[PDB]
Amino acid sequence: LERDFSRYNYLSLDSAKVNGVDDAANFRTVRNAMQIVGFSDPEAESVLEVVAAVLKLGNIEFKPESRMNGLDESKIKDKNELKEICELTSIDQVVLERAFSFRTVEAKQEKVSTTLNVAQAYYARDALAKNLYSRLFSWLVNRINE
Amino acid sequence: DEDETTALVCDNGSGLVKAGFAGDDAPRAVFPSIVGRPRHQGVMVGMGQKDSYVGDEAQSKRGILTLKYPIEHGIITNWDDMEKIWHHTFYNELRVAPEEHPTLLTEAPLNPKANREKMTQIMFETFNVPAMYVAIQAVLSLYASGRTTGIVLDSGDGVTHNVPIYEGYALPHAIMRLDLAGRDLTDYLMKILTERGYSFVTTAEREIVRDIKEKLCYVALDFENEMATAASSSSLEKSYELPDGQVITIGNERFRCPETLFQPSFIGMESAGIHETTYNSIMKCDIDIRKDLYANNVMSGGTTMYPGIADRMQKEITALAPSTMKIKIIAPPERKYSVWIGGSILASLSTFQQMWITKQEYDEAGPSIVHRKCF
Amino acid sequence: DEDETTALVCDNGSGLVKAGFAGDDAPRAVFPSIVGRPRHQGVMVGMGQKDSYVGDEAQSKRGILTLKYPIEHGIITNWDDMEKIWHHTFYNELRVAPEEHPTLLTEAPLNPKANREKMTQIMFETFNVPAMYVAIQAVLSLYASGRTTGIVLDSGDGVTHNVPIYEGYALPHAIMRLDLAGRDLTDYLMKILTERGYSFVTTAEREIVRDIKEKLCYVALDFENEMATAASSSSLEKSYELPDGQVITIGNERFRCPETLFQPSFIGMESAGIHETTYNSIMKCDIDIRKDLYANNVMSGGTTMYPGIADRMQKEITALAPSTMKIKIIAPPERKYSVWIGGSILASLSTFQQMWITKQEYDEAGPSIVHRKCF
Amino acid sequence: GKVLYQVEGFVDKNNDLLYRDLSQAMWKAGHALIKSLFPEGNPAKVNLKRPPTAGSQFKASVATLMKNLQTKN
Ligand SMILES: Nc1ncnc2c1ncn2[C@@H]1O[C@H](COP(=O)(O)OP(=O)(O)O)[C@@H](O)[C@H]1O
Ligand SMILES: Nc1ncnc2c1ncn2[C@@H]1O[C@H](COP(=O)(O)OP(=O)(O)O)[C@@H](O)[C@H]1O
Ligand SMILES: [Mg+2]
Ligand SMILES: [Mg+2]
């Protein structure tokens, strides 16, 4: 993770500071709060890897290509961010790289990979981020309720 | 059964029944539309032999059956056999009650009237569906295409047809129907395999030739250059192991089989070909539509899963179309199911739910109700 | 909306609605006066198809519409369609409330009485404008001309008309009205393009021929010299790329299309022509006016945007007028909007503000109030 | 009262398109937490119908809450 708030797609410089509230003290308040409610010490770091992933997905952007003729392929402009997330989440890079631009239509016994355009690549990226953070949040609620 | 009462989409086009629920990206049941009946005596007592085997089971037991497609060229010809196909579709493959699910049947454009009327009669009277809707198949291919503007061909097993649509409006005076499709290419491949020396005449052997067509055939770009290329050497000659026996070795038949789809004089059918019925279907539209058709030429159905049919298609249409036009052949890898997939998208629309043909109004009006409410 | 309550000027002449606020040098809304209605079935469900498309949107979607001009020869013929044109004018293009802005409508001289009466009825009763004023269009062209003395012709899409004015005083006994304008030249260009070999008969193709007329036609000075020049070689022959297709190549039709405006026997209309109705409109005035008319012959409206119509006009009138007269054809490049622009200048006058026809006196007198207070 | 809704961005913020290969792709993770988050990601069972759109998800959540509040006082 970088540390400047202009360096992230989901954030900006214009929202970095509530005038009277600092984020570090509340951060230590949370990590002190997780010890009472049963969250273990590698467990909270394992959750912060997921929150790190949700922050880092937004820096992936897409461009169109000429082959094939239709439907038109999208590709990643630069895969530094893909390499950092795929090393971070312990996923092979061909799996997620193929998982941005294509989708398998799987019939009764037969499956095929088809192209998504640029806009639907942004919707699959946005939906992957907020669905990942959402199911993380619901899992935290289940872990508290355990 | 199903947890919901979500509507069914049953694409039963001409040679491969594929069906499922609405909202799915792929059909849950894909099986060939065959009815096999035994032609030999049952000599083993108490085995459990049936009267007729349907679909995939008839494809397995095909060595002792005769295989009858109940639907040919998009027209249902054996209504009791097609009743077995639908009964196997809802009750065996999907395992669902049709009385709780609306069904979305597909037909081809320019079909007989008694096809859709009697299909409506069997859907409401025999299976007792709550609502049905018969829709033109290439329109559904344009739903899964993600476009409201484009000319579509699907090329099923019995019928290929161009439907040009501009801004959501059908152009029914420019719909082309050509009765040349994959079953005719299977029969022509049986003829030219008989030319090489392999005699397939049995309906099971016809399915073997269909598997040769699906696995080894491809569309040439220049038929005389690939023809002289195969005449030059053994570069493109590919071998196929037959079911339960020897290995055949086929050469130019790989591209002479689907070239009939571009040159219908091979099977003796006087027509213009798939590229020229596409171009004539474009030219029978209004003029200020035409470039939007050329930029959205959709080739998104069945038989057109050959390798190199999009390059041949863009070559022939680009040769026919005037210059400074952008000809774009939309040929996704979602083909062979996109007519179903757009069936799922059409059934999943909210404003579509008034366009179902229900009971009570079928029961008011009779089987002509589709000619009121279907296109 | 608008920051002020500045009066609107809505020039809706016969074929091109152009409108805006007073005090502007150019109208903020220019769109063709068409209403397109779909003639084909809507086959895509839930797209967002409308009942009728108005103006520029109907010009875009014209491939699947039929186009109906609600006003022909300066006379409104479809009042519900013209209500759609005005509703689109105030609410869609200008995006303003007509209850807060006075409106300045334009008509042609020698019009039907129920035109201005029912136009007044729709302005006050349907749209609820606070004040309106219907004015003769060529008088407004003389406002933007910067003169109080001159004879004016505008030549819209449906009507050309000469209004001679001397020292601010109208000469209404010498007003000429000729119902020969750009839509008739479009139809005659459709006929002679059919003569060459290009068959345009569709209303969308009629708009294509209108675009050919606007882009490639010009007025010859000597029709037989340019006619024999085009008969000599391919010097003046110019090509036009059609919308969504091939390239046409037109020759003498470039100058046979607007020569109908000088020789109305081409379209079979028995009249004197635009130069001879201008000259007869001069000669029907008093004698000591006439030279001031010749020095201020104003040609400042619509159809007369052809290349070389001012030279042909000065040639024909100078041939008709006696010698030692200074014939000056005032033809600015501010044409096709100057009838609107003088609408803005007339609406921006201080002493004009008592001449508006308001409520309360329309509400006292009824729709004949224009025949009290308009010319 | 008459609440004014700005229509800028409704379609971009209703789209919840997450499909099969994303849940499979994160199911094949070496991180056991992310694999624990996505039980739908196994290719050894079919991935059924997708819970798109997000408005139907929120309608489903409010419907769940109203099935919660009805059996209570
Ligand atoms: N991979 C393939 N390549 C060539 N031909 C194929 C291929 N798959 C299917 N076909 C042919 O297309 C036919 C099925 O077409 P389809 O569009 O599924 O028709 P239906 O309308 O009945 O759904 C098959 O029966 C077969 O002849
Ligand atoms: N550049 C041009 N050359 C020739 N004719 C034109 C040109 N521009 C417009 N026209 C013709 O003039 C008509 C526009 O006239 P206009 O005065 O705008 O009509 P209105 O009286 O409705 O304002 C169009 O219908 C078109 O046929
Ligand atoms: Mg089908
Ligand atoms: Mg005008």
# chains A, B, ... in the order shown; residues from 1 in each chain; ligands from 1
$ closest_atom_pairs --of "chain B" --to "chain A" --cutoff "9 Å" --atoms "only C-alpha atoms" --output "CSV"
residue,atom,partner,partner_atom,distance
B:25,CA,A:105,CA,6.5
B:26,CA,A:107,CA,5.1
B:27,CA,A:107,CA,5.8
B:28,CA,A:108,CA,5.5
B:29,CA,A:108,CA,5.9
B:30,CA,A:108,CA,5.9
B:31,CA,A:108,CA,8.8
B:145,CA,A:71,CA,8.7
B:296,CA,A:70,CA,8.9
B:298,CA,A:70,CA,8.7
B:310,CA,A:69,CA,8.8
B:328,CA,A:69,CA,6.4
B:329,CA,A:70,CA,6.5
B:330,CA,A:70,CA,4.3
B:331,CA,A:70,CA,5.8
B:332,CA,A:71,CA,5.8
B:333,CA,A:114,CA,5.6
B:334,CA,A:114,CA,6.4
B:337,CA,A:107,CA,8.3
$ write_last_selection --atoms "N, CA, C and O atoms" --output "short mmCIF file (atom, residue, chain, number, x, y, z; two decimals), in the first residue's frame"
data_model
loop_
_atom_site.label_atom_id
_atom_site.label_comp_id
_atom_site.auth_asym_id
_atom_site.auth_seq_id
_atom_site.Cartn_x
_atom_site.Cartn_y
_atom_site.Cartn_z
N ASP B 25 -27.46 -17.88 -17.25
CA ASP B 25 -26.58 -17.52 -18.34
C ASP B 25 -26.37 -18.66 -19.33
O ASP B 25 -25.72 -18.46 -20.36
N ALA B 26 -26.90 -19.84 -19.04
CA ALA B 26 -26.69 -21.03 -19.85
C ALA B 26 -27.82 -22.01 -19.56
O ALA B 26 -28.32 -22.06 -18.43
N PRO B 27 -28.26 -22.78 -20.56
CA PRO B 27 -29.37 -23.71 -20.33
C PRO B 27 -28.95 -24.90 -19.48
O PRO B 27 -27.85 -25.44 -19.63
N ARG B 28 -29.85 -25.32 -18.59
CA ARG B 28 -29.55 -26.44 -17.72
C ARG B 28 -29.74 -27.78 -18.40
O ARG B 28 -29.24 -28.79 -17.89
N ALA B 29 -30.44 -27.84 -19.53
CA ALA B 29 -30.67 -29.09 -20.23
C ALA B 29 -30.33 -28.91 -21.70
O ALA B 29 -30.99 -28.14 -22.40
N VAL B 30 -29.31 -29.61 -22.17
CA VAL B 30 -28.94 -29.62 -23.58
C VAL B 30 -28.86 -31.07 -24.03
O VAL B 30 -28.02 -31.83 -23.53
N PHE B 31 -29.72 -31.45 -24.96
CA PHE B 31 -29.73 -32.81 -25.46
C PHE B 31 -30.23 -32.78 -26.90
O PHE B 31 -30.96 -31.86 -27.27
N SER B 145 -27.25 -10.46 -27.79
CA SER B 145 -26.22 -9.64 -28.42
C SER B 145 -26.00 -8.31 -27.71
O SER B 145 -24.98 -7.66 -27.94
N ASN B 296 -23.38 -3.61 -37.28
CA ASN B 296 -23.90 -4.53 -36.28
C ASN B 296 -24.45 -5.79 -36.92
O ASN B 296 -25.54 -6.25 -36.61
N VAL B 298 -24.86 -9.34 -36.91
CA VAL B 298 -24.79 -10.29 -35.80
C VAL B 298 -24.92 -11.70 -36.36
O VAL B 298 -25.89 -12.01 -37.06
N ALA B 310 -16.40 -16.21 -39.70
CA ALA B 310 -16.53 -14.76 -39.55
C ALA B 310 -15.63 -14.03 -40.53
O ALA B 310 -15.99 -12.96 -41.04
N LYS B 328 -18.99 -5.11 -39.71
CA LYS B 328 -18.54 -5.72 -38.46
C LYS B 328 -19.38 -6.95 -38.19
O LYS B 328 -20.57 -6.84 -37.88
N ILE B 329 -18.78 -8.13 -38.31
CA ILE B 329 -19.48 -9.39 -38.10
C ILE B 329 -19.38 -9.75 -36.63
O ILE B 329 -18.34 -10.22 -36.16
N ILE B 330 -20.46 -9.53 -35.89
CA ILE B 330 -20.52 -9.85 -34.47
C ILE B 330 -20.71 -11.35 -34.32
O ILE B 330 -21.80 -11.87 -34.55
N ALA B 331 -19.64 -12.04 -33.92
CA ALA B 331 -19.68 -13.49 -33.78
C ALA B 331 -19.04 -13.86 -32.45
O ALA B 331 -17.84 -14.16 -32.38
N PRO B 332 -19.81 -13.86 -31.37
CA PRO B 332 -19.24 -14.11 -30.05
C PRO B 332 -18.93 -15.58 -29.86
O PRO B 332 -19.37 -16.42 -30.65
N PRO B 333 -18.15 -15.94 -28.84
CA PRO B 333 -18.07 -17.35 -28.45
C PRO B 333 -19.25 -17.82 -27.61
O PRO B 333 -19.29 -18.99 -27.23
N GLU B 334 -20.21 -16.93 -27.31
CA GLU B 334 -21.46 -17.31 -26.67
C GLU B 334 -22.48 -17.89 -27.65
O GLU B 334 -23.64 -18.07 -27.27
N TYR B 337 -25.92 -20.96 -28.02
CA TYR B 337 -26.80 -20.81 -26.88
C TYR B 337 -27.41 -19.42 -26.79
O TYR B 337 -28.29 -19.21 -25.96
#
$ interface_residues --of "chain A" --to "chain D" --cutoff "7 Å" --atoms "only C-alpha atoms" --output "CSV table (one decimal) with N, CA, C and O atoms, in the first residue's frame"
chain,number,residue,atom,x,y,z
A,89,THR,N,-3.0,-11.7,-2.7
A,89,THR,CA,-4.2,-12.6,-2.4
A,89,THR,C,-3.8,-14.0,-2.6
A,89,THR,O,-4.7,-14.9,-2.4
A,90,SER,N,-2.6,-14.3,-3.0
A,90,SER,CA,-2.1,-15.7,-3.4
A,90,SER,C,-2.9,-16.3,-4.5
A,90,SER,O,-3.5,-17.4,-4.3
A,91,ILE,N,-3.1,-15.6,-5.6
A,91,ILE,CA,-3.8,-16.1,-6.8
A,91,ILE,C,-2.9,-16.1,-8.0
A,91,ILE,O,-2.1,-15.1,-8.1
A,95,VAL,N,-5.2,-16.4,-13.8
A,95,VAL,CA,-6.6,-16.7,-13.4
A,95,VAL,C,-7.4,-15.4,-13.4
A,95,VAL,O,-8.5,-15.3,-13.9
A,96,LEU,N,-6.9,-14.5,-12.6
A,96,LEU,CA,-7.6,-13.2,-12.4
A,96,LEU,C,-7.5,-12.3,-13.7
A,96,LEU,O,-8.5,-11.7,-14.0
A,99,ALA,N,-9.9,-13.5,-15.8
A,99,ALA,CA,-11.1,-13.3,-15.1
A,99,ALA,C,-11.6,-11.8,-15.2
A,99,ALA,O,-12.8,-11.6,-14.8
A,103,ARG,N,-15.7,-14.2,-19.5
A,103,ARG,CA,-16.5,-14.9,-18.6
A,103,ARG,C,-16.9,-16.3,-19.2
A,103,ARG,O,-17.2,-16.4,-20.4
A,104,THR,N,-16.9,-17.3,-18.4
A,104,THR,CA,-17.2,-18.6,-18.9
A,104,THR,C,-18.8,-18.8,-18.8
A,104,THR,O,-19.4,-18.8,-17.7
A,123,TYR,N,-17.7,-2.6,-14.4
A,123,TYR,CA,-18.7,-3.0,-13.5
A,123,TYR,C,-18.3,-4.3,-12.8
A,123,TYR,O,-18.7,-4.6,-11.6
A,124,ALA,N,-17.6,-5.2,-13.4
A,124,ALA,CA,-17.1,-6.4,-12.8
A,124,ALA,C,-16.0,-6.1,-11.7
A,124,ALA,O,-15.9,-6.7,-10.7
A,127,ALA,N,-18.0,-4.3,-8.8
A,127,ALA,CA,-18.8,-5.3,-8.1
A,127,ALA,C,-18.0,-6.3,-7.4
A,127,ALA,O,-18.4,-6.9,-6.4
A,128,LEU,N,-16.7,-6.6,-7.9
A,128,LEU,CA,-15.8,-7.4,-7.2
A,128,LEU,C,-15.3,-6.8,-5.9
A,128,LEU,O,-15.3,-7.4,-4.8
A,135,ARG,N,-19.2,-9.0,1.7
A,135,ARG,CA,-19.2,-10.4,2.2
A,135,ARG,C,-18.2,-10.5,3.3
A,135,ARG,O,-18.3,-11.3,4.2
A,136,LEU,N,-17.1,-9.7,3.3
A,136,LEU,CA,-16.2,-9.6,4.4
A,136,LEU,C,-17.0,-9.0,5.7
A,136,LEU,O,-16.8,-9.5,6.8
$ residues_near_ligand --ligand "ligand 2" --cutoff "8 Å" --atoms "only C-alpha atoms and all ligand atoms" --output "ChimeraX atom specification"
/C:11-18,32-33,74,154-159,181-183,185-186,210-211,213-215,217-218,301-307,336-337,339
$ write_last_selection --atoms "N, CA, C and O atoms" --output "compact mmCIF listing (two decimals), in the first residue's frame"
# COMPACT_ATOMS: atom_id res chain seq x y z
N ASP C 11 -39.89 31.79 -34.85
CA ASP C 11 -40.11 31.76 -36.29
C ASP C 11 -40.30 30.31 -36.70
O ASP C 11 -39.35 29.52 -36.71
N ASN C 12 -41.53 29.97 -37.08
CA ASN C 12 -41.89 28.60 -37.40
C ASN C 12 -42.36 28.48 -38.85
O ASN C 12 -43.38 27.84 -39.10
N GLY C 13 -41.59 29.05 -39.78
CA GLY C 13 -42.15 29.61 -41.01
C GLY C 13 -42.92 28.63 -41.89
O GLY C 13 -44.13 28.76 -42.02
N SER C 14 -42.22 27.70 -42.53
CA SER C 14 -42.94 26.58 -43.14
C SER C 14 -42.21 25.25 -43.04
O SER C 14 -42.84 24.19 -43.15
N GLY C 15 -40.89 25.27 -42.86
CA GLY C 15 -40.17 24.01 -42.89
C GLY C 15 -38.98 23.87 -41.96
O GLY C 15 -38.30 22.84 -41.98
N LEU C 16 -38.69 24.88 -41.16
CA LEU C 16 -37.53 24.88 -40.28
C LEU C 16 -37.83 25.78 -39.09
O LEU C 16 -37.77 27.01 -39.21
N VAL C 17 -38.15 25.18 -37.95
CA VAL C 17 -38.47 25.97 -36.77
C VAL C 17 -37.19 26.50 -36.15
O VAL C 17 -36.28 25.73 -35.81
N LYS C 18 -37.11 27.82 -36.03
CA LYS C 18 -35.98 28.48 -35.40
C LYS C 18 -36.52 29.50 -34.42
O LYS C 18 -37.42 30.27 -34.74
N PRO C 32 -35.58 21.07 -37.81
CA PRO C 32 -36.60 20.97 -38.86
C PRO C 32 -37.97 20.71 -38.26
O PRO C 32 -38.11 20.05 -37.24
N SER C 33 -38.99 21.27 -38.91
CA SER C 33 -40.37 21.12 -38.46
C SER C 33 -40.98 19.83 -39.00
O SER C 33 -41.82 19.85 -39.90
N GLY C 74 -46.76 27.66 -45.68
CA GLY C 74 -47.03 28.66 -44.67
C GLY C 74 -48.32 28.48 -43.92
O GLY C 74 -48.64 29.31 -43.06
N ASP C 154 -38.40 36.70 -48.94
CA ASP C 154 -37.65 35.82 -48.06
C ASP C 154 -37.46 34.41 -48.64
O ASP C 154 -36.38 33.84 -48.49
N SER C 155 -38.50 33.87 -49.29
CA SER C 155 -38.48 32.52 -49.87
C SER C 155 -38.20 31.46 -48.82
O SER C 155 -37.08 30.97 -48.72
N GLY C 156 -39.17 31.15 -47.97
CA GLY C 156 -39.00 30.09 -47.00
C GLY C 156 -39.03 28.70 -47.62
O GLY C 156 -38.56 28.47 -48.73
N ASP C 157 -39.56 27.74 -46.85
CA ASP C 157 -39.67 26.38 -47.35
C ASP C 157 -41.00 26.15 -48.04
O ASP C 157 -41.14 25.22 -48.84
N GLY C 158 -41.98 27.02 -47.79
CA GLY C 158 -43.30 26.84 -48.37
C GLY C 158 -43.86 28.02 -49.14
O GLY C 158 -44.78 27.85 -49.94
N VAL C 159 -43.32 29.22 -48.93
CA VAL C 159 -43.88 30.43 -49.52
C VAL C 159 -42.78 31.46 -49.73
O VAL C 159 -41.91 31.66 -48.88
N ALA C 181 -41.47 27.39 -53.31
CA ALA C 181 -40.36 27.53 -52.38
C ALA C 181 -39.57 26.23 -52.30
O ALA C 181 -39.67 25.38 -53.20
N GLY C 182 -38.79 26.07 -51.23
CA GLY C 182 -37.79 25.02 -51.17
C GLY C 182 -38.32 23.60 -51.13
O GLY C 182 -37.64 22.67 -51.56
N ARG C 183 -39.54 23.41 -50.63
CA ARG C 183 -40.11 22.06 -50.63
C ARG C 183 -40.53 21.65 -52.03
O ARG C 183 -40.38 20.48 -52.42
N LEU C 185 -38.97 22.80 -54.68
CA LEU C 185 -37.70 22.55 -55.35
C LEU C 185 -37.13 21.20 -54.95
O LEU C 185 -36.44 20.56 -55.74
N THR C 186 -37.42 20.75 -53.73
CA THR C 186 -37.04 19.41 -53.31
C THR C 186 -37.79 18.35 -54.10
O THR C 186 -37.20 17.36 -54.54
N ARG C 210 -33.27 16.83 -50.13
CA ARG C 210 -33.15 18.18 -49.58
C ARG C 210 -31.71 18.51 -49.23
O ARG C 210 -31.25 19.64 -49.45
N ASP C 211 -30.96 17.52 -48.73
CA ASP C 211 -29.56 17.76 -48.41
C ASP C 211 -28.72 17.91 -49.68
O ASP C 211 -27.74 18.66 -49.70
N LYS C 213 -29.94 19.26 -52.40
CA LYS C 213 -30.31 20.61 -52.84
C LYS C 213 -29.53 21.67 -52.08
O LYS C 213 -29.06 22.65 -52.66
N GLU C 214 -29.39 21.48 -50.76
CA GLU C 214 -28.68 22.46 -49.96
C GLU C 214 -27.18 22.43 -50.24
O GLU C 214 -26.52 23.47 -50.16
N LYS C 215 -26.63 21.27 -50.57
CA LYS C 215 -25.18 21.17 -50.66
C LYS C 215 -24.63 21.34 -52.07
O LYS C 215 -23.50 21.81 -52.23
N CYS C 217 -26.65 22.40 -55.16
CA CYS C 217 -27.35 23.19 -56.15
C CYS C 217 -26.92 24.65 -56.11
O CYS C 217 -26.53 25.18 -55.07
N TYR C 218 -27.01 25.30 -57.27
CA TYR C 218 -26.68 26.71 -57.42
C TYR C 218 -27.51 27.28 -58.55
O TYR C 218 -27.96 26.55 -59.43
N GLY C 301 -33.99 36.00 -46.86
CA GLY C 301 -34.61 34.93 -46.11
C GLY C 301 -33.97 33.58 -46.36
O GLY C 301 -32.77 33.39 -46.21
N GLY C 302 -34.80 32.63 -46.81
CA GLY C 302 -34.51 31.22 -46.64
C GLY C 302 -33.86 30.59 -47.85
O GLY C 302 -32.63 30.54 -47.95
N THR C 303 -34.68 30.02 -48.75
CA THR C 303 -34.31 29.34 -49.99
C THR C 303 -33.27 30.08 -50.83
O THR C 303 -32.45 29.44 -51.48
N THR C 304 -33.19 31.40 -50.72
CA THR C 304 -32.29 32.21 -51.55
C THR C 304 -30.84 32.16 -51.09
O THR C 304 -30.08 33.08 -51.37
N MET C 305 -30.44 31.11 -50.36
CA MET C 305 -29.05 30.84 -50.04
C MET C 305 -28.31 30.09 -51.14
O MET C 305 -27.26 29.50 -50.87
N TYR C 306 -28.83 30.09 -52.36
CA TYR C 306 -28.11 29.44 -53.45
C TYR C 306 -26.92 30.28 -53.87
O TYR C 306 -26.96 31.51 -53.73
N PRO C 307 -25.85 29.68 -54.37
CA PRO C 307 -24.78 30.47 -54.98
C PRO C 307 -25.23 31.07 -56.30
O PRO C 307 -25.81 30.38 -57.15
N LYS C 336 -31.35 33.30 -43.92
CA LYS C 336 -31.92 32.07 -43.36
C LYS C 336 -32.21 32.25 -41.87
O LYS C 336 -32.84 31.41 -41.24
N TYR C 337 -31.81 33.39 -41.30
CA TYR C 337 -32.12 33.72 -39.93
C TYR C 337 -32.58 35.16 -39.77
O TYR C 337 -33.02 35.52 -38.68
N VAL C 339 -35.12 36.81 -40.86
CA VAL C 339 -36.52 36.94 -40.48
C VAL C 339 -36.69 36.73 -38.98
O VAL C 339 -37.48 37.42 -38.33
$ residues_around --residues "residue C:322" --least-positions-apart "4" --cutoff "12 Å" --atoms "only C-alpha atoms" --output "JSON, numbers by chain"
{"C": [279, 283, 290, 291, 294, 316, 317, 318, 326, 327]}
$ closest_residue --among "D:53, D:11, D:2, D:39" --to "chain B" --atoms "only C-alpha atoms"
D:53
$ interface_residues --of "chain D" --to "chain B" --cutoff "8 Å" --atoms "only C-alpha atoms" --output "list in words"
residues 48, 49 and 50 of chain D
$ select_by_dssp --residues "stretch 73-135 of chain A" --states "helix (DSSP H, G or I)" --output "PyMOL selection string"
chain A and resi 80-88+93-101+118-135
$ closest_residue --among "C:140, C:175, C:64, C:71" --to "chain B" --atoms "only C-alpha atoms"
C:64
$ closest_residue --among "C:101, C:73, C:371, C:62" --to "chain B" --atoms "only C-alpha atoms"
C:62
$ interface_residues --of "chain B" --to "chain C" --cutoff "9 Å" --atoms "only C-alpha atoms" --output "compact mmCIF listing (two decimals) with N, CA and C atoms, in the first residue's frame"
# COMPACT_ATOMS: atom_id res chain seq x y z
N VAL B 139 -34.49 -12.63 -33.19
CA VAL B 139 -34.76 -11.50 -32.32
C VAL B 139 -34.19 -11.75 -30.93
N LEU B 142 -30.63 -11.28 -30.83
CA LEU B 142 -30.24 -9.88 -30.69
C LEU B 142 -30.42 -9.38 -29.26
N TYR B 143 -31.26 -10.04 -28.46
CA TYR B 143 -31.32 -9.74 -27.03
C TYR B 143 -30.02 -10.11 -26.33
N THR B 148 -29.98 -3.22 -29.69
CA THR B 148 -31.31 -3.01 -30.23
C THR B 148 -31.28 -2.67 -31.70
N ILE B 165 -33.16 -5.56 -37.63
CA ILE B 165 -33.89 -4.76 -36.66
C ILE B 165 -33.16 -3.44 -36.50
N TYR B 166 -33.89 -2.33 -36.53
CA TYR B 166 -33.28 -1.01 -36.36
C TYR B 166 -34.01 -0.27 -35.25
N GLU B 167 -33.26 0.09 -34.20
CA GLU B 167 -33.74 0.86 -33.05
C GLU B 167 -34.93 0.18 -32.37
N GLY B 168 -34.87 -1.14 -32.28
CA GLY B 168 -35.93 -1.89 -31.66
C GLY B 168 -37.09 -2.23 -32.56
N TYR B 169 -37.14 -1.70 -33.77
CA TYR B 169 -38.25 -1.91 -34.68
C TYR B 169 -37.90 -3.01 -35.66
N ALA B 170 -38.75 -4.02 -35.73
CA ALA B 170 -38.57 -5.11 -36.67
C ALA B 170 -38.80 -4.62 -38.09
N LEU B 171 -38.12 -5.26 -39.03
CA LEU B 171 -38.28 -4.95 -40.44
C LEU B 171 -38.78 -6.20 -41.14
N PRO B 172 -40.05 -6.59 -40.96
CA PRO B 172 -40.47 -7.94 -41.34
C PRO B 172 -40.60 -8.16 -42.83
N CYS B 285 -33.83 -3.15 -46.67
CA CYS B 285 -34.20 -2.20 -45.63
C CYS B 285 -34.17 -0.79 -46.19
N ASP B 286 -34.58 0.17 -45.36
CA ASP B 286 -34.48 1.57 -45.72
C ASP B 286 -33.02 2.00 -45.69
N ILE B 287 -32.71 3.09 -46.39
CA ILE B 287 -31.32 3.39 -46.72
C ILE B 287 -30.55 3.91 -45.51
N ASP B 288 -31.18 4.73 -44.68
CA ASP B 288 -30.49 5.36 -43.56
C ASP B 288 -30.33 4.41 -42.38
N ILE B 289 -30.77 3.16 -42.53
CA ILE B 289 -30.54 2.10 -41.57
C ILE B 289 -29.23 1.36 -41.86
N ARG B 290 -28.80 1.36 -43.13
CA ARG B 290 -27.99 0.27 -43.67
C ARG B 290 -26.61 0.19 -43.02
N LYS B 291 -25.96 1.34 -42.81
CA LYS B 291 -24.63 1.33 -42.19
C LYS B 291 -24.68 0.81 -40.76
N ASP B 292 -25.74 1.15 -40.03
CA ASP B 292 -25.91 0.61 -38.69
C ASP B 292 -26.12 -0.90 -38.72
N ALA B 321 -20.79 -5.13 -50.12
CA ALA B 321 -21.15 -3.80 -49.67
C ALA B 321 -20.31 -2.75 -50.37
N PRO B 322 -20.81 -1.51 -50.48
CA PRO B 322 -19.99 -0.44 -51.04
C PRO B 322 -18.84 -0.07 -50.11
N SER B 323 -17.88 0.66 -50.67
CA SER B 323 -16.74 1.12 -49.89
C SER B 323 -17.16 2.21 -48.91
N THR B 324 -16.25 2.56 -48.00
CA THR B 324 -16.44 3.48 -46.87
C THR B 324 -17.58 3.06 -45.95
N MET B 325 -17.90 1.77 -45.92
CA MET B 325 -18.81 1.21 -44.93
C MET B 325 -18.03 0.33 -43.97
N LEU B 346 -35.12 -11.97 -22.31
CA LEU B 346 -36.47 -11.52 -22.63
C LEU B 346 -37.48 -11.98 -21.59
N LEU B 349 -37.37 -9.76 -18.29
CA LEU B 349 -37.73 -8.35 -18.33
C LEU B 349 -39.00 -8.11 -17.53
N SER B 350 -39.08 -6.93 -16.91
CA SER B 350 -40.24 -6.60 -16.09
C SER B 350 -41.44 -6.22 -16.95
N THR B 351 -41.22 -5.39 -17.97
CA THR B 351 -42.30 -4.95 -18.85
C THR B 351 -42.74 -6.03 -19.82
N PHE B 352 -41.99 -7.12 -19.94
CA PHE B 352 -42.41 -8.25 -20.76
C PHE B 352 -43.55 -9.03 -20.13
N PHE B 375 -45.42 -12.13 -32.39
CA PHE B 375 -45.06 -11.42 -33.61
C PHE B 375 -45.15 -12.33 -34.83
$ atom_distance --atom1 "atom CA of residue B:77" --atom2 "atom CA of residue B:372"
24.1 Å
$ atom_distance --atom1 "atom 1 (Mg, counted along the ligand's line) of ligand 3" --atom2 "atom CA of residue B:194"
29.5 Å
$ atom_distance --atom1 "atom CA of residue B:261" --atom2 "atom CA of residue B:79"
28.9 Å
